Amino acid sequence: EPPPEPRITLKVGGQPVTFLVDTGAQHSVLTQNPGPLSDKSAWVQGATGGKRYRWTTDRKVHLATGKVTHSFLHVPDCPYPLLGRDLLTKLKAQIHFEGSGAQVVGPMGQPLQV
């Protein structure tokens, strides 16, 4: 069920979501229970092929850097939710590989977990 490290939990529309922190993902992804969906869609290129997916409606996302509004792709084919570059750029996150795992820290150097 839970993603491998680097992972981070964020309050997304008043619910916790544990994301795989995914620097290779252009946009962020919800997989199950995405909440209300919008009418609009996008083509998603994955490693093994491409498919059309729907955008969620807007969600409040409680980033350590301050709350923002964000829409996610609803990708039920995807193994777990993905925190991609669209939100990492807002969070201004640092990702540190150390030991056999990885930890996320904020733009002030504050740990975002552990």
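Numbers for residues come from their place in the sequence shown, where the first is 1.
Taking the PDB entry as given, 31 to 39 carries the higher mean Cα B factor of the two stretches 50 to 58 and 31 to 39. Taking only CA atoms, the mean B-factor in the PDB entry is higher for 105 to 113 than for the other of 2 to 10 and 105 to 113. Among the modelled residues of its chain, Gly84 has a C-alpha B-factor that falls in the lowest third, as given in the PDB entry.
Among the modelled residues of its chain, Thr23 has a C-alpha B-factor that falls in the lowest third according to the deposited record.
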